[PDB]
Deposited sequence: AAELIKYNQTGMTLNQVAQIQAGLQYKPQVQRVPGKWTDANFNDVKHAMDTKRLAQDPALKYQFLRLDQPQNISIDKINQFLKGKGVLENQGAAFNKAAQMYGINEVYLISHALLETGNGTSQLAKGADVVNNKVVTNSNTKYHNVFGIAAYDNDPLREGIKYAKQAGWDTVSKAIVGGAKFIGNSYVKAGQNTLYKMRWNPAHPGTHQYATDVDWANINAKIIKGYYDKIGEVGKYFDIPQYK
């Protein structure tokens, strides 16, 4: 209703910040066609980074949405969206709960739950059964039994429960270390070339697309934004 946007003027310049990306040892990629990367040129990075262009686009501005800020989306609105999503069908309540506890945007938490469980169909989320809607301890030895093992250990015997305990894990490493918007996660304006999430120059733009997609399904729009400014 009343978007609240904060603008941080580095006083720097897009020309400076983009060439800085080009000197990184972990060189940037460009999926000109899906499934294949190539290093991006100065224009490729300067365009993908140009917040002036990303702020004007309704799907692209979501990279500036603050992920560390819960929005009070109605729990009913959430279930209308979680409907039919395998397990997780209900419990937007368990989700609003994980959101207010850790101070983290709700859509960021749910899309993350949706990816790890394949929209509620993952065996780990499927769960007598213990559950895991966040892939906790699942990227190492045995993703299925090792994760079932974690969930069994913390009492995630029910879906609202796997959601509460898995939630503390989301955003500590990125959203809580200051990279609170998909743009900061990609370009890191406080420390450029530092702690960046991926080489693809389109990574905040793609993720902004999927987020705004969930916002539209859900029935809401973002309210807290943060746009870096170069001049």
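**Item:** Gaps in the model (deposited sequence, numbered from 1)
**Value:** Coordinates drop out only over 128 to 140.
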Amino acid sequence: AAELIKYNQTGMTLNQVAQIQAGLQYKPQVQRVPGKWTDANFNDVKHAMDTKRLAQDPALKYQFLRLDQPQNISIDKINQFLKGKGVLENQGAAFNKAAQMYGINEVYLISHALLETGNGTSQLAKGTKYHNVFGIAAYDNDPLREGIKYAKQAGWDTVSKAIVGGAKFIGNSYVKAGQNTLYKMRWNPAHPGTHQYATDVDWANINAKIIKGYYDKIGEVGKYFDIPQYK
From here on, numbers count along this sequence of modelled residues.
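**Request:** Can you let me know which of the two, 189 to 197 or 25 to 33, has the higher average C-alpha B-factor in the entry?
**Result:** Mean CA B-factor is higher for 25 to 33.
**Request:** Using the B-factors recorded in the PDB entry, average over the C-alpha atoms of 66 to 74 and of 199 to 207, then report which stretch comes out higher.
**Result:** On average, C-alpha B-factors are higher across 66 to 74.
**Message:** Taking only the Cα B-factors deposited for this chain, tell me whether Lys97 sits in the lowest, middle or highest third.
**Reply:** Answer is middle: the recorded C-alpha B-factor places it there.
**Prompt:** Once the chain's modelled residues are ordered by C-alpha B factor and cut into thirds, is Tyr230 in the lowest, middle or highest one?
**Reply:** It belongs to the highest third of the chain when residues are ordered by C-alpha B-factor.
**Item:** Record-listed C-alpha B factor of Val107: chain third
**Value:** Tercile = lowest for this residue's CA B-factor.
**Prompt:** Considering only modelled residues of the same chain, in which third does the CA B-factor of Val87 rank: lowest, middle or highest?
**Reply:** Ranked within chain, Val87 CA B lands in the highest tercile.
**Prompt:** With respect to C-alpha B-factor, does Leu124 fall in the lowest, middle or highest third of the chain as deposited?
**Reply:** Its C-alpha B-factor, which the entry lists for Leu124, ranks in the middle third among residues of this chain.
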